[PDB]
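All the letters of the sequence shown, read from the start, carry residue numbers 0 to 168 under PDB author numbering.
Everything below concerns the one structure shown next.
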Amino acid sequence: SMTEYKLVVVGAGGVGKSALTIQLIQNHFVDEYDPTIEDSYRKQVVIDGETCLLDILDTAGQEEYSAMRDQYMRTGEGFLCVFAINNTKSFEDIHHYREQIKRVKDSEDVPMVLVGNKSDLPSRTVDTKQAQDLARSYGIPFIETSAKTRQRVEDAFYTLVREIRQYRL
Ligand SMILES: N[C@H]1CC[C@@H](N2CCCCC[n+]3c(sc4c(Cl)ccc(O)c43)NS(=O)(=O)c3ccc(O)c(c3)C2=O)CC1
Ligand SMILES: Nc1nc2c(ncn2[C@@H]2O[C@H](COP(=O)(O)OP(=O)(O)O)[C@@H](O)[C@H]2O)c(=O)[nH]1
Ligand SMILES: [Mg+2]
Numbered sequence: 000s001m002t003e004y005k006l007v008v009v010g011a012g013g014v015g016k017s018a019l020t021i022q023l024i025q026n027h028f029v030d031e032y033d034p035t036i037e038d039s040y041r042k043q044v045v046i047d048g049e050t051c052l053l054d055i056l057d058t059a060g061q062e063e064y065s066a067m068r069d070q071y072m073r074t075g076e077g078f079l080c081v082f083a084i085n086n087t088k089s090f091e092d093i094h095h096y097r098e099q100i101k102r103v104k105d106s107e108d109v110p111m112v113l114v115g116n117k118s119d120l121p122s123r124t125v126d127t128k129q130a131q132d133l134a135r136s137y138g139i140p141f142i143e144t145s146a147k148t149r150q151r152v153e154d155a156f157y158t159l160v161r162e163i164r165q166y167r168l
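Below is the structure:
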């Protein structure tokens, strides 16, 4: 029987949560995917020789209090906190997603990876060192990815699974 990893992809609308998830599932870049769709995406994978199932929740903006967001935060075992390297505001929002997860879990240590998406884009606004420094302060990995060219997409999810395994082992 296969271990199922419940992963949640969080971050400001338009950073590429859906593109990243679809890239992992379908090996395809979507130019557009309806920004209001919050749904689960499953994939059977082998990570470091572990045959397992990834149950990935790709999330939507919710401006006010959301009982269902709280419940996914309670349920999720690992979180990809995604910003876009060309969007400073999405980077600044990261701290708010991390705080919310921690408050819901009532825990300062929760499996998480920081993801800087759209690494293919030549015009960056968020310095790598700045993002790396933040990750260091949180004690989590930092990966730069491109849903468009597939750069580090597997790496980002697989790293998160590694973070979940190590929390336990
Ligand atoms: N797009 C439509 C159909 C799905 C629906 N939806 C989101 C999918 C819920 C998937 C079950 N689930 C969860 S949590 C969760 C996690 Cl942490 C990881 C992987 C999961 O599959 C998962 N189900 S749940 O009851 O907490 C939940 C939370 C938020 C939601 O938007 C929904 C369900 C939901 O209604 C939203 C409307
Ligand atoms: N250039 C580039 N664009 C991307 C990347 N990921 C997403 N996008 C685009 O950014 C926009 C928002 O992506 P989407 O996946 O819907 O983000 P979500 O709201 O966070 O789900 C869409 O136009 C995507 O095509 C990437 O790695 N590189
Ligand atoms: Mg989306």
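Built from N, CA and C at the ideal position, the CB exists for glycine as well.
Same chain, Cβ closer than 6 Å to residue i, neighbours up to 5 away in sequence not counted
i, result
"residue 104", "none"
"residue 166", "110"
"residue 69", "103"
"residue 14", "81, 82, 83, 89, 116"
"residue 61", "68"
"residue 12", "34, 60"
"residue 71", "7, 56"
Pairwise C-alpha distance: residue j and residue i
i, j, result
"residue 67", "residue 49", "31 Å"
"residue 25", "residue 56", "15 Å"
"residue 31", "residue 147", "11 Å"
"residue 168", "residue 161", "10 Å"
"residue 3", "residue 75", "11 Å"
"residue 134", "residue 0", "34 Å"
"residue 33", "residue 127", "29 Å"
"residue 218", "residue 47", "This structure cannot speak to residue 218, because the chain is shown only from 0 to 168."
"residue 65", "residue 121", "36 Å"
"residue 163", "residue 123", "30 Å"
"residue 138", "residue 41", "28 Å"
Contacting residues, own chain, Cβ-Cβ under 8 Å from residue i (five flanking each side not counted)
i, result
"residue 158", "112, 140, 142"
"residue 107", "101"
"residue 93", "10, 80, 82, 113, 133"
"residue 119", "145, 147, 148, 150"
"residue 73", "103, 104"
Beta-carbon spacing of residue i, residue j below 7 Å
i, j, result
"residue 97", "residue 80", "yes"
"residue 20", "residue 59", "no"
"residue 29", "residue 18", "yes"
"residue 44", "residue 53", "yes"
"residue 155", "residue 144", "yes"
7 Å Cβ shell around residue i - same chain, five flanking residues per side excluded
i, result
"residue 22", "28, 146, 149, 152"
"residue 169", "There is no way to answer for residue 169, as the model of the chain reaches only from 0 to 168."
"residue 38", "57"
"residue 16", "8, 10, 57, 58, 81"
Check: residue i C-beta below 6 Å from any heavy atom of ligand 5
i, result
"residue 116", "Absence of ligand 5 is noted for the structure shown, with ligand 1, ligand 2 and ligand 3 being the only ligands found."
Name all residues in chain order for which at least one heavy atom of ligand 1 lies closer than 6 Å to the residue's CB.
That query returns the following residues: 5, 7, 36, 37, 38, 39, 54, 56, 67, 70, 71, 74, 75.
Considering only heavy atoms of ligand 2, list every residue whose Cβ is less than 6 Å from one of them, following chain order.
Residues with a Cβ closer than 6 Å to any heavy atom of ligand 2, in chain order: 12, 13, 14, 15, 16, 17, 18, 30, 31, 32, 34, 116, 117, 119, 120, 145, 146, 147.
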